[PDB]
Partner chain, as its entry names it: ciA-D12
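The form deposited without the partner chain is given below as one chain in structure tokens.
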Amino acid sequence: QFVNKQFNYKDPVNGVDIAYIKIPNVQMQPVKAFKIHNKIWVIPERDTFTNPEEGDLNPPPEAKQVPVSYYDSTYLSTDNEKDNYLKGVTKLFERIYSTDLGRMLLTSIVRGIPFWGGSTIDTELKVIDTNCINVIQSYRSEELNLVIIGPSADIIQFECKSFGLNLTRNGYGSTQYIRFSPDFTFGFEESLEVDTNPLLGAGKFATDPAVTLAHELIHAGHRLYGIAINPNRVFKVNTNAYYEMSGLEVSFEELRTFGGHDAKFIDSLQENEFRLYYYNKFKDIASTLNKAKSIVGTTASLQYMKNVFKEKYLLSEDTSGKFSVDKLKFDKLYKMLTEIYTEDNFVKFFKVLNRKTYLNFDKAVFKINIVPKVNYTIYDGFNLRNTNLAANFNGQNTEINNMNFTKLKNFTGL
């Protein structure tokens, strides 16, 4: 069991795993937060904190808005919504952990401690302060890897924010703040030709939000190991005439995260270039660890932190105590994080209906309520065993299971 406490939003603060917290630096008032697992926290609040550019929840000027956007400044403003948000997110982590692939991914994420690259002197290993949160009581700072937070103004923009050396792309990693909601999901079409056409389909089938969360956690895995691909390296889509009409550009990072046939649109040569780039980053980390002869702070010993990063990066260690990067082990970890952890593989483990490509067109956004077990379960999602929803993905079929879905906006035609 991944989350061994059944938190309620109104549970009293204890300063340990239910607490008021602040983000170092950041303006922000303390927010009630919940530690659901080692290194992983949930803040059931709309994100007005991580980006100074984004404090308001009202829509920007309409000329500013993308077509696939959805605003509702009232969402997640009440205690009952935050209770259901917290319970919904924990339920989705348990659904992910109930699969072997999700257990692997979540183990990688917990082991993926952001590197202690904060020192200005080679002989000292030091934390980077923005990979911590401040737990209020006086305050005490504590390292963490992942925070799930409510969305900012655009509810369906599930961006990842972090503070930063380009930490998500230099091998170091940084604490990831994932904007996410378990209370909404997207509709897609069961025919591929319809799903990849911007003019057709109303969104008959609903994405299982466990797949959406797993998709975001895959990105967070890349980012915590500092191997995310530069967002400006993109596929200028020439396989979908409507992508080419609209000139839609999709980053290699997305195509990698979806996996399946999409990842083959990254050419072998540019993939080798990324692989060599990140291999060299891991070598620099080994070199940094070898120069460090003392540790800064009171939380852990030098030899404990060297071993934490040996385990994170799969470093080899010679009989003199010196670390190095073995290409066979680097390739195994890199492939694990980039080719084994993919959306397409999660669909296989969950046995759900899902989009077949990232290169489609979104159809609709639905309100959902996955907290009741009569609606959704850790092991079956919407497709509840021993009911009329168990077969043929009937629980994801928004026409059969219509009481579980409220369509809020249509995107077809926009």
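Shifts are known only where both forms have a C-alpha. Residue numbers count along the first chain shown, from 1. Here the rigid core means the biggest group of C-alpha atoms that line up within 1.5 Å when the two forms are laid on top of each other.
Just so it is clear, the following notes concern the form deposited with the partner chain bound, a form of the same protein that is not shown.
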With heavy atoms only and a cut-off of 4.5 Å, decide whether residue 400 touches the partner chain in the bound PDB entry.
yes
With a cut-off of 4.5 Å between heavy atoms, is residue 90 one of the residues that contacts the partner chain in the bound PDB entry?
yes
With the partner left out of view, is residue 368 within 4.5 angstroms of the partner chain in the bound PDB entry by any non-hydrogen atom?
no
Can you tell me whether residue 81 touches the partner chain? I mean in the bound PDB entry, with a 4.5 angstroms heavy atom cut-off.
no
Given the partner chain in the bound PDB entry, answer whether the residues 373, 380 and 387 all have a heavy atom inside 4.5 Å of it.
yes
Taking only heavy atoms into account, state which residues of 93-115 are within 4.5 Å of the partner chain in the bound PDB entry, ordered by sequence.
94
Superposing on the rigid core, is the Cα displacement of residue 375 between this form and the one not shown 2 Å or more?
no
CA of residue 60, rigid core aligned, shift of 2 Å or more between this form and the one not shown
yes
Enumerate, in order of sequence, every stretch of at least three consecutive residues present in both forms where each C-alpha is displaced by 2 angstroms or more between this form and the one not shown, superposition done on the rigid core.
60-65, 297-299
